[PDB]
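# Remarks on the overall topology
Given next are the chains, with one letter for each unit.
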Protein chains: 4
Amino acid sequence: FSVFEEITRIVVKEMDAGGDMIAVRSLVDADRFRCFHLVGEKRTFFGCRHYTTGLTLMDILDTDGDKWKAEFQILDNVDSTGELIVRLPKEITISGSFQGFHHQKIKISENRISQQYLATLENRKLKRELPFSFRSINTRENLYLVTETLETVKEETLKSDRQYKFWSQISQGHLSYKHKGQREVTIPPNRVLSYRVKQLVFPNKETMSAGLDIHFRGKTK
Amino acid sequence: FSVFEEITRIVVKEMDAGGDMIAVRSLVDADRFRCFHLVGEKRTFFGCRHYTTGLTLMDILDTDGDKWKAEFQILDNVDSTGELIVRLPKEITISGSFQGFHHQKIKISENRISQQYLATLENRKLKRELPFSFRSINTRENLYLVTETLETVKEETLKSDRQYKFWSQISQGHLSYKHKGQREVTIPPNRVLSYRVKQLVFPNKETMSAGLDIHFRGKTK
Amino acid sequence: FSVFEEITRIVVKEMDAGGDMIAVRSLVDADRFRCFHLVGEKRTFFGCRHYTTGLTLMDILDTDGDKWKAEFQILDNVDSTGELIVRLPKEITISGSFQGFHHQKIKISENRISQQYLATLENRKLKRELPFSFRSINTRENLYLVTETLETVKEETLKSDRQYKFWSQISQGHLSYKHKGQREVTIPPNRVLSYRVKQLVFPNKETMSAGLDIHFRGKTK
Amino acid sequence: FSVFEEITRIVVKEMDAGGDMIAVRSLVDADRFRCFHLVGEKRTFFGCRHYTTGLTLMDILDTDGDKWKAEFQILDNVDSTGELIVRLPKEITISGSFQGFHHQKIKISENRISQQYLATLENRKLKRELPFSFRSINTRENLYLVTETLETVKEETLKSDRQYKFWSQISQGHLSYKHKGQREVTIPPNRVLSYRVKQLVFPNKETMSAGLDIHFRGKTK
């Protein structure tokens, strides 16, 4: 019934079948889910569904640290229809039938950030007395960062739908149940949907890295 | 349900029946999947499906190392339709029926790189302190390179489709299930789809080669 | 399902019923499958299907070695239709029906190379330190060359088609299966399709020849 | 399914019922199947079908050796239709039905060569160090030559057709099989189709002759 993970998963699929690319849940702090930003701990309830927290990490601007593709377009339509109905030995005619047609008018822009600039970032002196040490140590999420800025300049348009129909009969008792809920969302221009993973380890003074998509969280920081 | 491996496999087929030519999964870092670039380790789950990592290898430009066909066209249509349906002794009418018509408007360009220039490349002094040694030794993918630049200048057009229909009956219970999902992708002009294999072995100081399509990975580097 | 061997086999048939003339698989390095070029080792899986590798052999240009018919036309159509269907004692109605109509607009040009020039080529001093000795000795394909340049100046037009229809029934279970895939390829002007065989033996210093169509590979070089 | 032997056999029939006159398989080196040229060894598989090799024999031009009818026309049509069908005790209805209508627009020209000039040719001093002695002795085909130049100045037009229809039934199993393949070839102007036989014996220094149509190959040269 969520829609906002779905569009990010079309982006994910356009990358790989549930592989490298990562998705976000919502877009108040997703526009601020740019580089140098965190994620929450991961649980496996109702599929892949993790937590999220989006504070900042910039500390110093002594040396050169903040110096600065074409439009990519997705007019796609994805259809998912399915009816599962089963009758029980208690003459219960359990039923369900859903259908959803999603229209995506996804627009994507790109802001290039250098890959060796990541190493330049570890070359930065990590020191900040912002009130995040206590909660960061309490959580120990071993936060990761993003590789490159994947920006959007979109119109306000996504659509969705589902249906459901359930019947039952326990003791000559009729039961019919129907529902048709169609949804759609106004999607705003300049927001962030999909991001990457690059592990960072934080000794209390200076940090170090761990390269490839380490979302299996274990660290003694 | 992937589409981006398919078009690369039309290129592969236009080379050989699943033989020499090699395919890529996606095209954010495929435009940067030019020469001097890596691939991930290979597994055999769900057919031939490997990993990918696309960092760079250029180290020195002391001597002449960076000095610099017509349009090739594919207006093809490939059709794949199939219905597999089987009934079980439990009166289950298991069903499935899919169909996909793919329209490819593939455009290809060529940027010539000399073959003896490969030997000139091994004649280069291999020395770089970029942070890749630790992860490269951890992975030991015995990376390979590409032979010649296979470039594209394309329009934004590929199409695809599938369908599915499944029924069932366990205890006088009706179940009907249908789905029709048609997809299409906007393909951008200047990207890389298919590449080649040429094995390189890396002693810590100076490297050496291994010629023909060694994708069977074993090396003690 | 390959098309590119087929057109070369129309050329082969216009020579002889699967006899002297030889075919190639694809045309990125087929334009560079001119004289002085190699082929891969031969296996007999799925009919006559060999490997291919297309590096160069020119070493010296001390003496006269690089000094330099009308258009031949094929507007043909070849039809191949066939239905094989068999019913099993398990009431399985195994079926298959294919059809393909191929339209060839083949254009051919000729660049004359002297036949005694072959002997002049063995009179050349064979000496080259290009990195091919190691892999050539590892392979031992006892490479052959081509007799005369068979060039093309073509338009972009070949067509093809196939169909298939399979049914089955194991335990009162219906199964119907159909597929219609029509293909066509844009054929480019100046490429090479068919070539010849002339055996060469390579002692490490100077080479020698072996005349007629020795594709049965055995040599102790 | 060959067409190029057929037209030569219309020429042969216009000479005699499979008698004196001889036919060729194809026409890349048939234009160079002029006088002083060879043929391959003969085998009796699938009717009269021999091998072919077309190198040259001219050695000297010291004395007069290279000093130099109307158009003959064949607008004919030959029809060949036939259905052979047989039913087996295994209720197999083996079938076959073919038909072919061939339209020949054959054009023929004549270049006169003197018959006593043949004796003048044996009067020539036979001496040539071209690399053909080794392979000629290895083959021992006791090559023959041609009597008179039978040239053509043709348009590009021959046609052909065949059909086939096969049915079967082994165990109440239906099988129907049909095919309709019509072919046609663009025939080029100045080529050679039919030639003659005159035996030559080659002692290592000087040669000798053997007159009439000795295609029964035996010689100790």
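Method of determination, as annotated in the archive: cryo-EM, at 4.96 Å resolution.

The name that the PDB entry assigns to chain A is Isoform 1 of Gasdermin-B, with the source organism given as Homo sapiens. The record for the entry shows the title "CryoEM structure of the GSDMB pore".

For the rest of this paragraph, the subject is the environment of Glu83(A). Residue and element names in this part refer to chain A. Relative to the elements of secondary structure, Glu 83 occurs in strand β4 (residues 72-83). For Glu 83, a relative accessible area of 24% translates into the label partly exposed. Considering only alpha carbons, one finds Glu 83 and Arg 183, 100 residues apart in sequence, at a separation of 20 Å.

The interface of chain C with chain B comprises 28 residues on the first partner and 23 residues on the second. When chain C packs against chain B, the two sides together hide about 2,300 Å² of surface, and 54% of this comes from carbon and sulfur. Remark: the boundary between chain C and chain B carries 4 residue pairs in polar contact. Those elements giving two or more residues to the side of chain C that touches chain B turn out to be α3 (133-139) and β10 (175-185) of chain C. The element that contributes the greatest number of residues to the side of chain C that touches chain B is β10(C), accounting for 11 residues. Within the side of chain C that touches chain B, the residues separate by chemical class into 9 nonpolar, 11 polar and 8 charged.

A positive phi is found at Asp213(A), a non-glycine position, where the angle reads about 40°. Considering the arrangement of structural elements, one finds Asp213(A) in the segment after β13 (208-210). Although it is not a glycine, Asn142(C) sits at a positive phi angle of roughly 35°. Turning to its location among the elements, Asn142(C) is positioned in the loop between α3 and β8 (149-151).

Tallying each qualifying case throughout the model produces 12 aromatic pairs over all chains. Pairwise contacts between aromatic rings join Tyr164(A), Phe166(A) and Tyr177(A) into one cluster.

Rules and cut-offs
Residues numbered from 1 in each chain as written, not as in the entry; some residues may be left out. Chains lettered and ligands numbered in written order. Part of a larger assembly, values for the part shown. Heavy atoms only, no water. Helix = DSSP H or I, 4+ residues; strand = E, 2+ residues; numbered from the N terminus. Buried < 20%, exposed > 50% of the residue type's maximum accessible area, 1.4 Å probe, protein only. Contact = heavy atoms within 4.5 Å. Buried area = accessible area lost by both parts, 1.4 Å probe. Polar contact = N/O pair within 3.5 Å; in protein donor to acceptor, adjacent residues only side chain to side chain. Nonpolar A, V, L, I, M, F, W, Y, C, P; charged D, E, K, R; others polar. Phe/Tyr/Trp six-rings, centres within 6.5 Å; stacked < 30°, edge-to-face > 60°.

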